[PDB]
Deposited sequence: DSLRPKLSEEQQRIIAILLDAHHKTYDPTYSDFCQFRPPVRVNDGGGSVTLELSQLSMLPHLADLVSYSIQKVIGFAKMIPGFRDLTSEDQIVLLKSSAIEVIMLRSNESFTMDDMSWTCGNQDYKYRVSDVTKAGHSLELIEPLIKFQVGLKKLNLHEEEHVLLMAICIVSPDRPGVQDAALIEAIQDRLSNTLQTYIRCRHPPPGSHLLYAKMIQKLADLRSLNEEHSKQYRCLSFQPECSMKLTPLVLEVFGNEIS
């Protein structure tokens, strides 16, 4: 049974594609405005040295902070999001920010060399850059596995934006008040995605795979939170972050 997308579902897709195009610059032209990337000698991947310098933290914190601002803008355009109270909106944004960043970054991720390529060598981010920002393999390895698995689903941009929207409007986040309204908004998005898939996605299970990526994201979120807490213990770490990053992860 392949019901056609309703006029409403078509509108939801057009709105999400527009929101993404307005909030994700595929040329990465703003990145030179961030504090500059610095890459120190760390072939040994020394934790002591990485924590002592946190060379790539200013740049990656600025990239993440910028990305959170973009995610806030994207979320505000999701059909139904503005119906939620501001408190619920903020709870959802703070809890999903890192997950949406991991999802949206798949657009710059490339399997050519397993990096997030955003321009010249200066803005090519590799695993070694994340270690230079103070993170460990317990987060990085699973993150790369997630990027590759997501890349291989070969999602249509419609599916990609719907997945980000579904990730943000999740009723099971701790602290949510009106879970039922959030579930209604999410269900409207989920049905749109399921309909789109069994309608526009050429053969050769995709929906279940996408749902599984949302579960993987919860695991990555938890590991990232654990590592952020540890990083926050490093003296002077707050200056290398930004007020928005401090609030969202603090």
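Absence of C-alpha coordinates is noted for several segments of the deposited sequence, namely 1-2, 207-209, 256-259.
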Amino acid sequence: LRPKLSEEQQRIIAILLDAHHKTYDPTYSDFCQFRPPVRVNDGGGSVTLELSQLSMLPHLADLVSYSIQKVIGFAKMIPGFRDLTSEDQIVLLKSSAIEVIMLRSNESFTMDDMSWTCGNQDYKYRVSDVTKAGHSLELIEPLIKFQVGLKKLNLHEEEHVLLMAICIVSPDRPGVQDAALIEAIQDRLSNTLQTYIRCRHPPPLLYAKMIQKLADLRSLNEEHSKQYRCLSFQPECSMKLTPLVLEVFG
From here on, numbers count along this sequence of modelled residues.
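The PDB entry reports B-factors from which the mean C-alpha value can be compared for 210-218 and 40-48; the larger average falls on 40-48. The PDB entry reports B-factors from which the mean C-alpha value can be compared for 102-110 and 72-80; the larger average falls on 72-80. For the set 191, 29, 65, 225, the maximum C-alpha B-factor listed in the entry falls on 191. Between the residues 160, 173, 145, 124, the entry's highest C-alpha temperature factor is the one at 173. Among the modelled residues of the chain, residue 136 sits in the highest third by CA temperature factor in this PDB entry. The entry lists a Cα temperature factor for residue 54 that places it in the middle third of the chain's modelled residues.
Ranked by C-alpha B-factor against the other modelled residues of its chain, residue 240 falls in the middle third. Residue 165: CA B factor in the lowest third of modelled residues in this chain (values from the PDB entry).
When all modelled residues of the chain are sorted by CA temperature factor, residue 95 is found within the middle third.
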